[PDB]
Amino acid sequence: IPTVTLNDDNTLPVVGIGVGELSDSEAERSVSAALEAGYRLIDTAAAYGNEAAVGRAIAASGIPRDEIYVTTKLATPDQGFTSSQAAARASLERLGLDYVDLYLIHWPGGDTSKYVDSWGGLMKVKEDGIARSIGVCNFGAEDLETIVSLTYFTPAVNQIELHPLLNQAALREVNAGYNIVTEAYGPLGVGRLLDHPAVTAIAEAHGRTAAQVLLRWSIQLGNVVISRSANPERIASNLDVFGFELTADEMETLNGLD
């Protein structure tokens, strides 16, 4: 499956699975199903409380470590320069891993000093080999300008809620301007977009599912797209989004919903 090349020369798959709001057993099952299906990009977070579960599914998968792309995140209670560096290490211990592929600040917050410090900490985390790449979630233009101007180190990724009713055109421009990759989560709009008349028309034109169209659109925007879990049958279906492309007109239609 296709990759994007990050500004630090590392690569990520353009699709992954997220495990937010999953219990330990649900998380472990979901990751294990996704890996069997062909997913390699796994999105977790310390705040989810299920890193150990995800680590267990990874270890049992029998897939080589270097083919898996593990993302986790700094929990908000652990924000800060010194504390973030310890937090990343604590996540590794829970995951049973020697490194993660991508490590993210989960939220900037209104205290600029805290997220600036967190970013300086994550810079040390990358330097130390603890994370291959570093990035952020839900940073606006001003938040990005602040870390770039004060630290001189640009995030690899900015993770944001993105779907045709919230297409994030403005922020994608800002992201791309800094050579930051946009990572989309919530690609289905809380399930509602699966019945959107424009989505259904395009799905029917291609003989694909509504979810497939939603995902393919996001991929064609240049996004890395994270699907929530899921079920073995739907997981396999969602991954099957590289055998068709949406036309310019189809893109324009979906682009006009926001």
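Numbering starts at 1 and follows the sequence shown.
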8 to 16 versus 230 to 238 - which carries the larger mean C-alpha B factor in the record: 230 to 238
Quick one: which of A210, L41, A45, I219 shows the highest Cα temperature factor in the PDB entry? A45
Quick one: which of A169, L162, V136, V125 shows the highest Cα temperature factor in the PDB entry? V125
Pull the Cα B-factor of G110 out of the PDB entry and bin it into the chain's lowest, middle or highest third. highest
Modelled-residue ranking by C-alpha temperature factor, third containing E26: middle
Relative to the other modelled residues in the chain, which third contains the C-alpha temperature factor of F81: lowest, middle or highest? lowest
When the modelled residues of the chain are sorted by Cα temperature factor, does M251 land in the lowest, middle or highest third? middle
Ranked C-alpha temperature factor of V225 among modelled chain residues, by third: highest
